[PDB]
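The C-alpha cells that follow cover one protein chain in two forms, given apart as structure 1 and structure 2.
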Structure 1
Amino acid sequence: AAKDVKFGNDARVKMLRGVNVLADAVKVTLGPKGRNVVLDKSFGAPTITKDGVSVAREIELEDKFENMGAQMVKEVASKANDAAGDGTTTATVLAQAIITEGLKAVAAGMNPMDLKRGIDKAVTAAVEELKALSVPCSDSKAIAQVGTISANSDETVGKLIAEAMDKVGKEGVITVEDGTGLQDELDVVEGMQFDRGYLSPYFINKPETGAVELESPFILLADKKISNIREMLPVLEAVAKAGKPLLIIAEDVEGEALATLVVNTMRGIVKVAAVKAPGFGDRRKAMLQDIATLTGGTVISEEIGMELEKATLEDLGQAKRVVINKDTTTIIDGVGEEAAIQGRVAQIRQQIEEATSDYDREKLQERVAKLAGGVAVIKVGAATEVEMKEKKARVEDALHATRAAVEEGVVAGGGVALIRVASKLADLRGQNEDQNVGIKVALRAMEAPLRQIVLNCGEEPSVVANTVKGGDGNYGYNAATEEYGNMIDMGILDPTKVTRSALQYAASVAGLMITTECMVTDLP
C-alpha cells in the first residue's frame, strides 16, 4: 500500500550501495585464486563456495532500495548465465564498474542519456572487436581442448565430446546421462530436440538438475489446445492401467487441466509432463507430424476431424527417454520403424526441392536436419556413484562450454580479451563530450575484471594490467601460473559467447540504472 519514493541523487546512491554490496560479495570469488564465501544456513552447517552464482543467489539486503538494486543486477547476471552458460561473476563485476563510474560522472553534472549512449556505442564496438579477435573452434582438436580446460583439465571428457561432435556434427543434439560399468560408452539414437520446455516448473522430477526426466515415457501428441480434462482422461486411465509414465505434447495447455495434472503428479498416482508445441501456424502442425512419425504414433489433429475421446495406447506415440528443461526438451531414441523416418525425411526432401520462399527454405533445411540427425547420448562410468555424478556435472559444464565455443568462438580467458579490446578501442569518440566520458567509463569497466582477478591472485593489479595492455594478440597474464605469455597456449580460455553476453548485459543494466530518476518501493 503505502510506498516510499526516492528521487535523483538519493536513489542513485541507494542503488550504488546495493550494487557495491552485491559485487563485493560476488567478486572475491573471481579468478583461479578466488576467495571463499561462507553462506551461513539455518540447517546447522554453513556451506563454503567459490562460485559466484550461489553467492549471488544467496544475497538479499534489508534496505528496500539497496535490495532491489541488488536483485536487478542479479537478474541481468542470471540472464547472462542462462544465455552463455557462465560469466555471472564477470557480468556482475563489469556492471559494478560501469555503474560506479557512470554514477560518479552523473554526480559531476553529466547528461545520463548521453552517458548511456556512449556506453552502448563503446560496448557495440567492443563486441565487434571480440568477434574479430575470436579464434574459431571447429577442429576436433579445438573441441577436445575446450572440453578439457572447461572441465578442470579432464582430457578424457575432451575426447568424449570430440567424437560426439564428430558423430552428430557441431550443431547436433548431445546429452549425457548415468551409465553402468566403468568405461564411458557413446551411442547415437534416432531423436531430436525442439525449443520448448515444461509449461509449469512443478512438473520437475529432478530438482538437482532442474529437468523433467521420464524413463520409458508415453507421450500424447495433440494439435488442439488442451483446456479441460474430460476429453483427455482416457489417456490417463490407459497409462495408469499400463503403468507407464505420461507426457503431453500439445499446442498450449491451460485451464484446470494443468492444475489437476500437477496435483496427480505430486500425489504420485502417475507422472504427467506437458511441453508446448514448437513454432506456430501450420509449421507447428507439420513438425508435430514429423515428431509423430519419429515416435511411431499419430497426432490428435482437429483438422482431420478425429478427437481425443478414442485415443488409446496402441495408436499413440511412445519414447524411450525424454529430458524436459525450462526452455527446451530432448527426445531420445524414439521407438518406431526406421521406414517411417525414411519416408518422412524423403517427403521433406521434396519439400526442399520444390520450395519457393527463402525463409521457408531455411526452415525446411533445419527441420530435415533435426529429424534425420538423431541424438547422441554418452554414458559416464566410474568406480563409485559419487565421483560418477561429479564427472556428470563436469561433463555437463564442459558440454555447455563447448556449445558456446562452437556457436561463437574462443577468446583469451581471465579477462585478457576484455582488456585487449579496451586497449584496441582507445581512440573511440562519440558525438558529445558526455558520450566520450561514457566510452572512457566503458573502457575502464572492461579493464576492471582482470584487475579483480589479479587482486584475488594477490598481486597489485595496475602493473599487471599495464603489462597486458602493452602486449598484443592473445598475450596475457596467467593468474594460476603467475606468468605472462600467450593465453591460448597456456590453455586458460573462455568462449566468446560468455564474454560477449557478460559485457552486453552489464552494459544494459548499467545504462538502465544510470538513467533512473525515481525509485518506488514498499514502505518499511
Structure 2
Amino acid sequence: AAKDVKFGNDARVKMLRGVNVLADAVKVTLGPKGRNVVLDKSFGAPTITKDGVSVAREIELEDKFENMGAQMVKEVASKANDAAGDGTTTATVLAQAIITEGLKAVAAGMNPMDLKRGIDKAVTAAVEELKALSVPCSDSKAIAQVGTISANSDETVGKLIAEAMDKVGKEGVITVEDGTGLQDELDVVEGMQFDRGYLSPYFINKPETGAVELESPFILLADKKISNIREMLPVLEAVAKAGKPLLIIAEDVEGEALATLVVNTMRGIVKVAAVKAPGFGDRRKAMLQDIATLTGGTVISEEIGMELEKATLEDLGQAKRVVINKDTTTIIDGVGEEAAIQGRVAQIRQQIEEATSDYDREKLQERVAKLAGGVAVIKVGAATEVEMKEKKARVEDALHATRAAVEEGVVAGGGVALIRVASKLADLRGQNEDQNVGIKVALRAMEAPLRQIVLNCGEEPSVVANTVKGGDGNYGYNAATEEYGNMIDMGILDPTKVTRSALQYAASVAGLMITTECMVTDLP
C-alpha cells in the first residue's frame, strides 16, 4: 500500500488546481443566463444541463491530489445543498474564491492559522449582517409569493405550496405525488418522517431524485441489530412471495446482512430498503413503537421473546408509500387503525402531562407533534404525463425553497446579499494584520459570485459590482432584465438559509484547505 506524500506548497498548489477545475466546470452554470455544459455518458447520448449539482457529481480529476481537493470541495458543497436545499454552485464559487485569495496570501508569508481565524470572523459577521437583512415570510401571502417565484413565476405552484403549508403547519412535512386527474389536490394522511437515512447508497432506485421510493411496501420493525441473514430468511421470503417491497427499520443493519441486502437489491429479485432507527436509548424504542402503531405492525424485541425467525407476514407493518433520502426517510399514508393511533397519542399526552424535566418534555412534545400532525401529500395534476412529471419536479423544488424561506426568511438574490454584507463589513478589523488580510479575502470572495453571474450575462463584472455596492438595501442588479432595482420587489430572491449555508460551508472548507499541511494518497 505504497502512498505518495506531498508537503507544504506542493499539496496546496495541487488542491488549488483541483478546486479551480471543479469551480470552472460548475460556475459557468451560475446565474439565470448560465452557460450549458455537456456531460458525456457511456450510452452515447450526452446530457446538456445547466445545474451545478450534476456537473459537480460528474467531475472527478485524473491526478490523485487534485481529485482529492475537488472531492473535499464537492463534499462540502453537497453538504450545503442537503442542508439548505440549494446553493451547490454558489458554495463552490465562494470556496474557489477564498482558496485562491488565501493561497496567494499564504505564498506571501503570512500565518495560515491567523488567515483562517480572520476568515471565520469575517464570515460570522457576514452571517450576522445577512440575518439582519433577512425579510421574514411567516405570513401565508409571502409564502405563496416565494413559492410562485421559485417555480419560475408560476402561480399555481405557489398556491399549492401555500395551501399545503397552512394545512400541515409551518414545521410540518409535505410530500409530492403525481395526481391521477387533471385537477390538482392535496390531502392529509397519517404518517411521519425522522432524521435517519438509508444505510447504503446503493439502495437508491430513482437516480434523478437521488432517493428510494417504494410502492405499498411492508415495514419490518425490530430493535435488535441484524448481522445474520438466517434470522430474516423467513420474513424476506414471505415478502418476496407477497410481491410487495420491504422497508427494514432497525437499530443497525451491518455485517453479512447488509451485504446480502445490497447484492439482492443489485440483482433486483427483491426490492428491500434498510433504515436505521431514529434516536438512541429508550427514546429510540419509543419512536420505534410509535412507528409500529402508525403502520399497524409490532416491534420485534429480543427481551419480550419474539424472534425474527418466528416473525410472520401479518406481523410486519404496512404502509401505502415510503420515501428514503440520504438524511431523512418518510412514511406516507401508513395503514393503521385510527383507534390505535388515538390511544397512542392519548398515552403520549398523559406522559407529557406527567413529564418531569424540560428536555424530556420537549422530546415528548416533538414526538406527539410528529405522530399527530401527520403528513400532507399534494397530488399535482396536468394534461399529459410529461407535463405532470415536469410540474412535479418544479413543485418539489419550490417546496424545498419555500421550506428554507419559512425557516430563515428571504434575502435579495442574484448574489447581491453577499455584496451588501461585504459593503457593511468593509470597516471590520481583526487583532492582527494576517487576520485583516483574511477578512479582506473573505469580503472579496463574497463579492465574487455576483461578478460571476454578471460575467455569464456578458457585461463587465467590475462596473456592475461597483454600482451594486454603491446602492443600499435590497437594491441590486437583475441578470435577466439587465437593469438595476430592488431585487425583492422585482422577483429575484433566494432564502436566507441557502446563502448562509453556502457561505458557512465555503468558509469552513476554505479554512481546512488553507491550513492543510500535507497529503497522504495512494500511488498512481
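Rigid core: the largest C-alpha set superposing within 1.5 Å between the two forms. Numbers given to residues start at 1 and step along the sequence of structure 1.
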Can you spot, among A142, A97, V406, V235, the one with a CA shift of 2 Å or more between structures 1 and 2 after core superposition?
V235
Align on the rigid core first; then say whether the Cα of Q183 has moved by at least 2 Å between structures 1 and 2.
no
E213: with the rigid core matched between structures 1 and 2, does its Cα shift 2 Å or more?
yes
Does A422 shift between structures 1 and 2 by 2 angstroms or more at the C-alpha, the core having been superposed?
no
For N111, what C-alpha shift in Å results between structures 1 and 2 following superposition on the rigid core?
0.3
When the rigid core is overlaid, by how much has the CA of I332 moved between structures 1 and 2, in Å to one decimal?
3.1
Using a rigid core superposition, the C-alpha offset of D290 between structures 1 and 2 in Å is 4.2
